[PDB]
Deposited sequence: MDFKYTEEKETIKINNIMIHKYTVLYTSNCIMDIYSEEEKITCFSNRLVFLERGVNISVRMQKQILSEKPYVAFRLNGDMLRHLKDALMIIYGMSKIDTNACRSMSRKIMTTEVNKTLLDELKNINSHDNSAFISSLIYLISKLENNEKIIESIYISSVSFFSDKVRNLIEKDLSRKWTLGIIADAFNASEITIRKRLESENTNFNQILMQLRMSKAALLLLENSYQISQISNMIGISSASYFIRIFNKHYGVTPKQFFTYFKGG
């Protein structure tokens, strides 16, 4: 089957996706968005979504994706609040567009080496999109640091340690209630943050195609490679082997 359903995908970096040969339904919050043959998808950081996906060509990769790390996105926010001025709807969180001739050829000669060239390519592209406010919005919203973000970074400093709400609540000078309700006010909780951190790191590493599963288990902090396969399958709704075979 050239179709795959992947669950609980949480986007940890602002992501721009280009459906190189796939078609995709994005569910997330009891909603749904379709992304057709040749479109661009701008995914706000922090969303949690599920995906149903159709390959066009079976022998090829599903899509092509660009992810903006924390710095780059801070910069894009600043430059955007200089170029346009300074100032809850899943349709204001995930946006598809029709990639034009000039915007496409621009996407061609994008070499993600000169980071400034990338920020500029991205700004010019943003300038050449209609109804573009809703994208500007999602880039500033997802460009602020939340408390779940402080927790996320403290966990990433050593992904494999055995974390508890007790260690985070010691790190931050407050009690476990403080942390469970601040994280609850962000529509998440700590066991889920840890789970999302390990499962994304595992997916990406599995796509690198140069690590045994047991190593990836160890890298994210999971004893058994078979135990890791169970957790991955339960979370994403596919086994690492099928995920890998669909994405290679």
property	result
Missing stretches, numbered from 1 on the deposited chain sequence and kept in order	1-8, 96-102, 264-265
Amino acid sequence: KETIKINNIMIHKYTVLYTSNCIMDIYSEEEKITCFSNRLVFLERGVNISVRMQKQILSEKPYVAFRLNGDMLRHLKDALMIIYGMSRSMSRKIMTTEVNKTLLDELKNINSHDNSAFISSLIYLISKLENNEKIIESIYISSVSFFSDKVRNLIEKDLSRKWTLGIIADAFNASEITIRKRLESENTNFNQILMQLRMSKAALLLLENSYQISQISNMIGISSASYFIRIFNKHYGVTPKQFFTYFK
From here on, numbers count along this sequence of modelled residues.
property: Selected stretch [higher average CA B-factor]: 103-111 or 121-129; result: 103-111
property: Mean C-alpha temperature factor, higher of 24-32 and 62-70; result: 24-32
property: Residue, from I139, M86, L159, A79, that the PDB entry assigns the highest Cα B-factor; result: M86
property: Peak C-alpha temperature factor (PDB record), options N38, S200, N218, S210; result: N38
property: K1 - Cα temperature factor, lowest/middle/highest third of chain; result: highest
property: Position of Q56 among the chain's modelled residues by C-alpha B-factor, lowest, middle or highest third; result: highest
property: Third of the chain's Cα B-factor distribution that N187 belongs to, per the entry; result: highest
